[PDB]
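What follows is one structure encoded as structure tokens, with my remarks underneath.
Neighbour counts are summed over all protein chains in view; Cβ atoms, including those assigned to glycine, are modelled from backbone coordinates with ideal geometry. Just so it is clear, none of the values below were taken in a lab; they were calculated from the coordinates.
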Amino acid sequence: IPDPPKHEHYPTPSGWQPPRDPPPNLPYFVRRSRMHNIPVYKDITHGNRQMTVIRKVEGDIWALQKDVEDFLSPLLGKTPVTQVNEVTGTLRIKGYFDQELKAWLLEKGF
Amino acid sequence: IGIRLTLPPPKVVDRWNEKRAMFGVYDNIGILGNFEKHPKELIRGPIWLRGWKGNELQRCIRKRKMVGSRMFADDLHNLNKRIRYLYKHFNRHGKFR
Amino acid sequence: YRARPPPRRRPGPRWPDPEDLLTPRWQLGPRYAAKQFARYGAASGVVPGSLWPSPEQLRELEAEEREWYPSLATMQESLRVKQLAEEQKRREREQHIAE
Amino acid sequence: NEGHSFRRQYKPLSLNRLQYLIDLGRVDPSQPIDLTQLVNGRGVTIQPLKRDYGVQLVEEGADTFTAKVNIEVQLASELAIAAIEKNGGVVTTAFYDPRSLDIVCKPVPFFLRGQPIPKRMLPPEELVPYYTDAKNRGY
Amino acid sequence: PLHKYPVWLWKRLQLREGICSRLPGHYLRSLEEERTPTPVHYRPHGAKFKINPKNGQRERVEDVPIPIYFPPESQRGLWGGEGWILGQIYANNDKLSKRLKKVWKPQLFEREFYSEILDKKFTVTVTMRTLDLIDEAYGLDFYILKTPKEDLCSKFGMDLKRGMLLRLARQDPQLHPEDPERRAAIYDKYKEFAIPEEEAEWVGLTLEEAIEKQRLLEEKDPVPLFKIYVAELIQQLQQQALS
RNA sequence: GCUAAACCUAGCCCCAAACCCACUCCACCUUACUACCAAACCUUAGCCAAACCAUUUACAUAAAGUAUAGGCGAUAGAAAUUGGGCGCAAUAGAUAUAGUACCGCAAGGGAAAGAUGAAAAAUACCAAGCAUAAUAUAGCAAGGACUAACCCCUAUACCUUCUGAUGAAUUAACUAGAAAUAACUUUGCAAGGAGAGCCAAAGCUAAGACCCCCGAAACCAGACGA
RNA sequence: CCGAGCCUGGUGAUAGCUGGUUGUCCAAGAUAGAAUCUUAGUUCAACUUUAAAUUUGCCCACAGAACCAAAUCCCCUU
RNA sequence: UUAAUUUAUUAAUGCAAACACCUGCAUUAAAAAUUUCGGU
Ligand SMILES: [Mg+2]
Ligand SMILES: [Mg+2]
Ligand SMILES: [Mg+2]
Ligand SMILES: [Mg+2]
Ligand SMILES: [Mg+2]
Ligand SMILES: [Mg+2]
Ligand SMILES: [Mg+2]
Ligand SMILES: [Mg+2]
Ligand SMILES: [Mg+2]
Ligand SMILES: [Mg+2]
Ligand SMILES: [Mg+2]
Ligand SMILES: [Mg+2]
Ligand SMILES: [Mg+2]
Ligand SMILES: [Mg+2]
Ligand SMILES: [Mg+2]
Ligand SMILES: [Mg+2]
């Protein structure tokens, strides 16, 4: 599968996006998908257990955790129940804050 | 009694000999070789059970349906015997019901 | 030292010995050498006469179509007959309910 | 379940995801949009088994969709027909018979199957009136 | 451990093994093919694919070949392709009852025929169905000429067919002595099932009888090595004559 | 100290491949191991599971454990089409030392064990019981103690149905939890997942974890016994 | 060993019946009903215990709880 | 066993089929075969 052909306006007709160039100078670093999207996913378990995670985190991930708590701070008030996967290089937040999290990563641009 | 009497035979074993040297060499055969042949053929072992690893009852079932017409009569009666045994064994008496 | 080189493919498609009593019937029949042709082209294969179906098989396929495929006009006529019968049944039921 | 096994199953193709593949470049619009195109880039997959029907368009939300295409699905909404035609699409609906659709959908293997090319049979009588009417923008 | 070739062809394995493997290739073909006959009770279904009755689904269906329970005595005559059936049945033909094992035996009749090809009368048991088969063939000689031996499904009729074939491929005057005109008329009439003279060798015999024909054929008094060495010395003398 | 122990290695284990066995002379279907006169095929049955009992029931990958059938009560069951060692080491593993002794009128059932060293033309201590040494008032044999072994004081033999009585002389060796569907947890990928199928409205693949041992009398086939 | 010979296979037959089922260390954890050719067993039933998600419970004080004794229940505060 | 039910099997009939023999279908028996002889 190759990289997408250029749709002239951003976001796309269905709203897809290219990652912005050059990447930002934030120590939190996000890679995209093999099929090229922003790497955010839900998580369903244990009947009522809804959570979410960003998968391919890299760098000093604790900064991304603090940022996610800060964005989440106005979102629900409670402190973020989050855990990184340092060997796996991931971050996960308890609860599904999914589309807004994708928006936060998109506004980060990188 | 139940122990040895002397120190047993000295375990001369070279851990770095040739017949173990390549142990798994050229055995990432599939994706590292442009998909010509899977590892699912690289195993040198019996054709009764070369890579469909079910239960014990499944193991015998595969042994029958693969090679039953190639056995001496003792093996055929034996495989039939244990196959009947296992078919009774799966769904009759256990811990979870 | 250095092991023997890893497994390669087979040397093209190989026909089997028809004299061999061990061969399963799945790879020595009519469509099997067809599969061999589909593997190694005509480059290793045989004359392409196996590709076209047999004339007896052609008549069999024609029979299969005649017992397995109608014409659109026949289906349309059946649909028209069914619709006319349904309308007549509906009119008769309405007349019986009205009376 | 009496006729669950005789029930037809048709893969619903999300046309918003068709717009995605248009944007993501899985299926380019420079050539016809066929089931060959619908499968070839892995945007939405078909299952020949389970006594299935085939590919049919979906019905939600054609806002912000700017492309030209020629869709050939088994079934679609009248809203989907108008969705295609709004930018000026092409909509056609033939059948795809079971062995025929199975040969069609994964064209890689039957291209190396060795038998000669089969031809698609006409739809059955129940499916016949569906294709017989142009109100479905069919074939 | 395991035996290499499969026992499902073990008997067939011996068919290619030794002295019996020196049997005629025509005998190999006649013992090799397995064409099936028309049944005695398994009425044939219509075609390959048909609509399901309770499902309305086009499904391909075949027919079961019911095994012919052949008693030994029926081989001693020319019976039909019919016989008995050793099976079971329900009391009211109802599967919700206790069924019992059952039998369906034939009703034979001792009749007689007078074959011109045999030019003799043979009286044996036959079936009224076999009578109808001969009548549809219009003559016992034509029936012997007509059906396959595998279609015959009887030893005595197979032997009669073997004799008829030997007589036809022999064309000896002893078939119709002092009447060669009738012999020629019958030979023209029986020109249909003409076979080679070699084909009369293993004609219809048992596989054991095939081994018998082999031992009667492959055996001979061994050549004398006095005679063999004499011939070798004669060859040496002929060669040294050129020396 | 004796009995004893211990020791490797006989050969068995499964697979890979491969088609094998049958004539020193002789004799050998009568009372088999003695040189000699007038006849074959005929449907396996049955329990079990229905918590009793009866119809029913087994003796490559993929569709698919779906279509067929069920005292519609238990389950059983497709075609189309597609393509050398993570084995042992004399109680273990072939019982194997041999289908022998013995047992039984026969068919049959079917055991046991040895250990040297390069050389046999080289002839170091321990399971239990005992003596080496027998005993000292009293009591589940022990504990706290002690000048001091015991006498001093406390002290209802163990494992288990029980609600509070059966087994075990004593050693030494054998001997008894393996079915992953669901869910979870941990990994890889992500609107796709996975080396044809299956599934997906956050899922899909890999692994992990649940399933004993002993013990009836029964019954049917096939023999063998007056 | 004749109350239906013996033996081999089928046969790891079968009964819900007894008994026995192997080393350690932390956290929690004991008695209510109803069916059942059933009380020697099993199934609806409750308790738990754990995993996740969602903020008040136990002890009570006023009022109140029926016509043909102890009391008990709902029940602010502590 | 006159509990129940058949009737695989015979033996009779009768009816079919063939021109005394064989096969099929009903009924009847003899003999069998399948299943029942509850609790406090
Ligand atoms: Mg999840
Ligand atoms: Mg039962
Ligand atoms: Mg098949
Ligand atoms: Mg041993
Ligand atoms: Mg042993
Ligand atoms: Mg001692
Ligand atoms: Mg005392
Ligand atoms: Mg214990
Ligand atoms: Mg005792
Ligand atoms: Mg017993
Ligand atoms: Mg046994
Ligand atoms: Mg048991
Ligand atoms: Mg019990
Ligand atoms: Mg009841
Ligand atoms: Mg009752
Ligand atoms: Mg009970």
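Report Rg/Rh for chain A, rounded to two decimals, where Rg is the Cα radius of gyration and Rh the Kirkwood radius.
0.98
List every residue whose amide H lies under 5 Å from the amide H of A:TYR96, counting only residues 5 or more places away in sequence or on a different chain, with H placed 1.01 Å from N in the peptide plane.
Under 5 Å from the amide H of A:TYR96: no residue qualifies.
So how do C:19-28, E:177-186, E:139-148, D:23-32 stack up, highest first, on mean other-Cβ count within 10 Å?
E:139-148, D:23-32, E:177-186, C:19-28
First measure r as the distance between the Cβ atoms of E:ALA47 and E:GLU73, then evaluate 1/(1 + (r/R0)^6) with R0 = 30 Å and state the FRET efficiency to the nearest 0.05. Could the numbers behind the result be given before it?
Working: r = 39 Å, r/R0 = 1.29.
After rounding, the FRET efficiency stands at 0.20.
Could you compute the longest span of chain D free of GluC sites (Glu not before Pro) located in DSSP loops and having at most 11 other Cβ atoms within 10 Å, not counting the site residues?
Result, exposed sites excluded: D:61-125.
Filter the cross-link list E:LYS120/E:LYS161; B:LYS53/B:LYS81; B:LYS63/D:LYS50 down to pairs whose alpha-carbon distance in this structure exceeds 24 Å.
Over 24 Å apart, Cα to Cα: B:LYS63/D:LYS50.
Between the helical axis of C:30-40 and the dominant principal axis of chain C, each derived from Cα atoms, what acute angle in degrees is found, rounded to the nearest 10?
Taking the Cα atoms of chain C, the angle to C:30-40 is about 60 degrees.
What are the ³J(HN,Hα) couplings of the stretch E:141-153, residue after residue, when phi is run through the Karplus curve with 6.51, -1.76, 1.60 and θ = phi - 60°? Round to Hz, x for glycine and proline.
Karplus values, whole Hz, x for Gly and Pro: 5, 5, 5, 4, 6, 8, 6, x, 5, 4, 6, 5, 6.
Rounded, prolate or oblate: which fits chain B when a ≥ b ≥ c are the square roots of the eigenvalues of the alpha-carbon gyration tensor, with rounded for a/c under 1.5 and prolate only if a/b beats b/c?
oblate
222 nm [θ] for the protein assembly as shown, helices only, -39500 (n - 2.57) per DSSP H run of 4+, per residue, to 500?
Rounded to the nearest 500, it is -10500 deg cm²/dmol.
How do B:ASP74, D:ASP97 line up, fewest other C-beta atoms within 10 Å first?
Details: B:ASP74 8, D:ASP97 19.
Lowest count first: B:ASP74, D:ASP97.
How would you rank A:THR82, A:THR88, going from fewest to most other Cβ atoms within 10 Å of each one's own Cβ? Provide the component values of the computation, followed by the final result.
Working: A:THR82 19, A:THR88 12.
The most exposed by this proxy come first: A:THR88, A:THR82.
Convert each backbone phi in the stretch B:78-88 into a coupling constant with the Karplus relation 6.51 cos²θ - 1.76 cosθ + 1.60 (shift: θ = phi - 60°), then list the ³J(HN,Hα) values in order as whole Hz, x for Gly and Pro.
These are the phi-based 3J(HN,Hα) values: 5, 5, 4, 4, 5, 5, 4, 4, 6, 4, 6 Hz.
Taking the protein assembly as shown as the region of interest, what is the percent of Cα-Cα pairs per 10 angstrom bin, listed from the shortest bin to the one with the maximum distance?
Calculated P(r), rounded to whole percents: 2, 7, 10, 14, 17, 16, 12, 9, 6, 4, 2, 1, 0.
Rounded, prolate or oblate: which one fits the stretch E:189-243, using the alpha carbon gyration tensor with axes a ≥ b ≥ c (rounded when a/c is under 1.5, else prolate when a/b beats b/c, else oblate)?
Oblate is the answer for the stretch E:189-243, as a/c is 1.5 or above yet b/c matches or exceeds a/b.
Using only Cα atoms, tell me the angle between helix C:72-98 and the longest principal axis of chain C; keep it within 0 to 90° and round to the nearest 10.
The helix C:72-98 is inclined about 30 degrees to chain C.
Order the peptides A:8-14, C:6-12, A:104-110 from the highest to the lowest mean number of other Cβ atoms within 10 Å of their residues.
In decreasing order of mean packing, A:8-14, C:6-12, A:104-110 become A:104-110, A:8-14, C:6-12.
Among all the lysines, which ones have a C-alpha under 20 Å from D:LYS135's C-alpha, if same-chain residues fewer than 8 places away are not counted?
Qualifying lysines at Cα under 20 Å: D:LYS86.
With axes computed from alpha carbons, what is the tilt in degrees of helix A:61-76 against the longest principal axis of chain A, rounded to the nearest 10 within 0 to 90?
Its long axis makes an angle of about 80 degrees.
Which of the trypsin sites (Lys or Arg not before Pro) found in the stretch E:206-243 are in a DSSP loop and have at most 11 neighbouring Cβ atoms, other than their own, within 10 Å?
E:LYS220
Do me a favour and compute the ellipsoid semi-axes for the stretch D:6-139 from its Cα gyration tensor, root of five times each eigenvalue, largest one first, whole Å.
Its equivalent ellipsoid spans semi-axes of 24, 19, 13 Å.
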